[PDB]
């Protein structure tokens, strides 16, 4: 049956699967203090999409719909539609629309709008607070704070394009909280249909993360953003749909110039990586290095230490 592979793209050639920005580096660290349960960048090695994961990075943390002003304030409610402007279905068995933010934080960008009848357009700086009780994407609406109280029109197609994150408070880097899921239905109900939490189980192991730095837009935010799989790996597995022959795919990270293996890791078939290391470590890698699938192993495979 179809041989399994991972892409040959280098880390810096790839994209974060949790926000529309490039990858910067590989990082491993302790996760015992967190529940690591992201909903974007979740895909099995056989190509089954999980959580809120969809196929292109450009759609992540984007929103579309019509807007109405909240009272006489600068806030606007967006009634969500799908990526292609068709109705959103809240009864679909997913946690929230595909691409919905999967962390608690205040994401800043531009809210843009076109008036269909005459082609007039407009844009305003806007922020969505995903920890707000008004963040209810599973129910079909989210709220934005904007720089206007009267320029947006009702009944017109409106898009939010994300740019970065903000923070407010004396406790610097206290938000965003990248490992805290929002309440997709607000106070109305609990989250449903989630991709599972992941954790290392084998002695001496940690998760391996693909790390980016989100742009900061105001205050003193925590800009670190870790994903479990690059977006290009999600797309690759989805298209290849190569069957998993065991629970774990052993990958070697290779320098293509010398041919030498730098380290090895375990790609679990449910779509995340562990390495043999303890503590925070920014991996020291050559920029042309890439991952290579070598063989099908089990969960108890003892890796060469990082």
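Just so we're on the same page, rigid core means the largest C-alpha set that superposes within 1.5 Å between forms. Positions refer to the first chain, counted from 1.
Using the rigid core as the fitting frame, the root mean square C-alpha deviation in 4 other deposited structures of this protein is greater for 27-35 than for the other of 27-35 and 50-58. In the other compared entries of this protein that model both flanking residues, residue 171 lacks coordinates in at least a third of them. Of the two stretches examined, 251-259 and 38-46, the record assigns the greater average C-alpha temperature factor to 251-259. Relative to one another, 83-91 and 135-143 have unequal mean CA B-factors, and 83-91 is the one with the higher figure. The entry assigns its greatest Cα B factor, within the set 125, 106, 159, 171, to 171. Per the PDB record, 245 has a higher Cα B-factor than any other of 274, 53, 56, 245. Among all modelled residues in its chain, residue 99 ranks in the lowest third by Cα B-factor. Annotation for residue 33: C-alpha temperature factor in the highest third relative to the rest of the modelled chain, per the entry.
For residue 241, the recorded CA temperature factor ranks within the highest third of the chain's modelled residues.
Among the modelled residues of the chain, residue 205 sits in the lowest third by CA temperature factor in this PDB entry. Ranked by Cα temperature factor within the chain, residue 221 sits in the middle third according to the deposited record.
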